[PDB]
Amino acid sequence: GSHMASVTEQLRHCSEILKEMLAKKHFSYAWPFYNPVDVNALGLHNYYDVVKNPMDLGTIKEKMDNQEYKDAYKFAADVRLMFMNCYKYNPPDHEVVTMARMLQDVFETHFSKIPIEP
């Protein structure tokens, strides 16, 4: 009751974080993560044998909208899964790895400041 009000309010902060990562200020490094990776358009070999749980910001926003996250920790897991998929598949100095780490710095710095009860 009381506890649920706090959990839902954290997921509201997660909504604010998601909208921040979708803001035009981050577009130059966030755009590869807006939608599912277009494996066919980029000619990516064996993507679905390296990355078994694909995740992107669009799917996260759909899960948010369906109210699919039970709490903020599971929201964070998906964001972090999305970034980890990109570290797993691409060469460590690839340009999208640099982009993943820049967008991830935005997520991690904001997520770390969500209060325990609010």
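The numbering used is simple: start at 1 and walk along the sequence shown. C-alpha atoms forming the largest set that superposes within 1.5 Å between two forms make up the rigid core.
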So if we fit everything on the core, which stretch drifts more in 4 other deposited structures of this protein, 38-46 or 68-76, C-alphas only?
38-46
Quick one: say whether 44-52 or 75-83 has the higher mean Cα B-factor in the deposited entry.
44-52
Based on the deposited C-alpha B factors for this chain, I'd like to know if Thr59 is in the lowest, middle or highest third.
middle
If you rank every modelled residue in this chain by C-alpha B factor, which third holds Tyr89: lowest, middle or highest?
lowest
Would the CA B-factor of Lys24 place it in the lowest, middle or highest third of its chain?
highest
Name the third of the chain's ranked CA B-factors that contains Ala5, choosing lowest, middle or highest.
highest
When the deposited Cα B-factors of this chain's modelled residues are ordered and cut into thirds, is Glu16 in the lowest, the middle or the highest one?
highest
